[PDB]
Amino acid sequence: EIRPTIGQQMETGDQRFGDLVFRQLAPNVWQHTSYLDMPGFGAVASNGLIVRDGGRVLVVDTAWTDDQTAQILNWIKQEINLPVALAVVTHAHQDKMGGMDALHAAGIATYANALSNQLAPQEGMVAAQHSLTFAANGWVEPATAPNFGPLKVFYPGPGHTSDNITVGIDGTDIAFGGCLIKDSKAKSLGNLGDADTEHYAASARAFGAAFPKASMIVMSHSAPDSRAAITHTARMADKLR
């Protein structure tokens, strides 16, 4: 059993598949978890989502690596056996975009914030093949997110990074904060090296206001939590100003 140094542990309702862990969150939503083995430190878990939308599947975030991301695709093939229409990746760091080449090799259409695509080559990442753009209030421009089904993409403002985006799952009470949101018991906001410490608090609160009726908040490095993940993250971020 993988026991990560950073990230949630395995509990009841988790399926180990190869090097990854999968957890069903709703009838049509699963969390994927992959692990970066840091020598002398141990495993760092990172989470994304898999959403079934009728006869097709949608993915939020890659795993840390191409091979792990190919394992996500293998899990989808075994457990769902429907084609992946597209993936949305939530900023230009390894935990979220490290596996782009596996998605591209599989022929899956990839989407990211235009700014993530512009930053990708500066972050040792491969850009997504399509760029999302956003309104002044953070909502994605719908012409840039064709046929996204239940994925409702929201740019909350700079926080964990300047490019971080978030995703609500319409038809459910789930919203995904990626690395912007930390859980209600977290002591740290994680890596602030690329963060906007001035705007972080407002960006965390904007995510909450964008999906005001989401009761299950999914994030990169903890198990799904209540809305207290949002409010606690914002309270920690208030201390940065």
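Under this definition, the rigid core comprises the largest set of C-alpha atoms superposing within 1.5 Å between the forms. Start at 1 with the first residue shown and count on from there.
Superposing on the core and measuring CA offsets in 6 other deposited structures of this protein, the stretch of 65-73 and 186-194 with the greater mean deviation is 186-194. Of 202-210 and 37-45, the stretch whose C-alpha atoms sit farther from the shown form in 6 other deposited structures of this protein, after fitting on the rigid core, is 37-45.
With 117-125 and 157-165 compared on mean CA B-factor from the PDB entry, the stretch scoring higher is 117-125. Averaged over CA atoms, B-factors in the entry run higher in 40-48 than in the other of 40-48 and 176-184.
Note on 90, 147, 133, 110: the highest value goes to 147, judged by CA B factor as recorded. Note on 84, 143, 100, 72: the highest value goes to 143, judged by CA B factor as recorded. In this PDB entry, the Cα temperature factor of residue 67 sits in the top third of its chain's modelled residues, the highest group.
Among all modelled residues in this chain, the alpha-carbon of residue 94 has a temperature factor (C-alpha) in the lowest third. Remark: residue 194 belongs to the highest third of its chain, ranked by C-alpha B-factor as recorded. Split the chain's modelled residues into thirds by C-alpha temperature factor. Residue 213 is in the highest one. The PDB entry assigns residue 24 a C-alpha temperature factor belonging to the middle third of its chain's modelled residues.
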